[PDB]
Ligand SMILES: [Ca+2]
Ligand SMILES: [Ca+2]
Ligand SMILES: [Ca+2]
Ligand SMILES: [Ca+2]
């Protein structure tokens with residue numbers, strides 16, 4: 334199973350409309 | 004710290020905090036997990052809460068949520084982290100992320116993408132132009 338933070342990481346990518354680390 | 008950042012974290016938290024009472028419960032987590040195709044057991048869901056539950060009271064509040072994010076921003080690069088992320092998309096697990104899977108995952112995570120946005124997102128990572136994103140292409144986008 335995935336971690337909660339992994340779900341937030343994926344959401345952020347969707348938010349940026351691009352694959353790849355959405356933070357750094 | 005910017006206003007747009009806070010707003011983003013607020014909506015991420017809101018996705019899980021269904022009744023808006025300021026806390027995320029194992030029950031609420033379960034709802035979002037199920038909608039994404041996953042099927043965790045109660046023990047697994049409680050385990051997910053416990054790792055982020057700093058004050059150990061049984062639920063996740065905003066500060067704990069924010070702290071989790073800060074820690075996640077430190078390291079998103081392992082292999083297991085990237086593999087974990089890729090596995091969320093690859094619903095059926097055949098090794099590639101299709102436009103249909105990307106759209107489904109993003110919708111249930113509260114992100115509205117236009118058909119055109121879905122295609123472009125896939126295209127940017129599609130290194131071999133086959134119209135999908137395999138692990139390798141996924142990793143290459145993350146690890147850079
Ligand atoms: Ca709640
Ligand atoms: Ca707590
Ligand atoms: Ca697939
Ligand atoms: Ca490909």
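Protein chains in written order, with the deposited numbering: chain B, 334 to 357; chain A, 4 to 147. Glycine residues also receive a C-beta, built at the ideal position from the N, C-alpha and C atoms.
For residue i, would you say it is in contact with chain B, using Cβ-to-Cβ distances shorter than 9 Å as the test?
i, result
"residue 37 (chain A)", "no"
"residue 75 (chain A)", "yes"
"residue 2 (chain A)", "The structure shown has nothing for residue 2 (chain A), since chain A only spans 4 to 147."
"residue 43 (chain A)", "yes"
"residue 57 (chain A)", "no"
"residue 151 (chain A)", "Since the displayed chain A opens at 4 and closes at 147, residue 151 (chain A) lies outside it and no answer follows."
"residue 25 (chain A)", "no"
"residue 130 (chain A)", "no"
"residue 141 (chain A)", "yes"
"residue 79 (chain A)", "yes"
"residue 63 (chain A)", "yes"
"residue 87 (chain A)", "yes"
"residue 32 (chain A)", "yes"
"residue 9 (chain A)", "no"
"residue 54 (chain A)", "yes"
In three-state terms, what does DSSP make of residue i?
i, result
"residue 341 (chain B)", "helix"
"residue 334 (chain B)", "coil"
Rounded to the nearest angstrom, how far is the Cβ of residue i from that of residue j, given a contact under 8 Å?
i, j, result
"residue 26 (chain A)", "residue 63 (chain A)", "6 Å"
"residue 334 (chain B)", "residue 72 (chain A)", "At roughly 19 Å, the Cβ-Cβ gap does not stay under 8 Å, so residue 334 (chain B) and residue 72 (chain A) are not in contact."
"residue 129 (chain A)", "residue 136 (chain A)", "6 Å"
Could you list which residues in chain B have their beta carbon closer than 9 Å to that of residue i, in chain order?
i, result
"residue 136 (chain A)", "352"
"residue 47 (chain A)", "334"
"residue 127 (chain A)", "351, 352, 353"
Cβ closer than 7 Å: which chain B residues qualify as neighbours of residue i?
i, result
"residue 116 (chain A)", "347, 350"
"residue 15 (chain A)", "341, 344"
Name the chain B residues that come within less than 8 Å of residue i, Cβ to Cβ?
i, result
"residue 113 (chain A)", "344"
"residue 6 (chain A)", "Ordered by position in chain B, no residue passes the 8 Å Cβ test against residue 6 (chain A), which lies about 16 Å from the chain."
"residue 120 (chain A)", "350"
"residue 67 (chain A)", "Those within 8 Å of residue 67 (chain A) in chain B number zero; the least Cβ separation is about 10 Å."
Within the stretch 90–147 of chain A, note down every full alpha helix (DSSP H) run reaching 4 residues or more, in order along the chain.
102–111, 118–128, 138–145
Unbroken beta strand (DSSP E) runs of length 3 or more, entirely within the stretch 7–61 of chain A: which are they?
none
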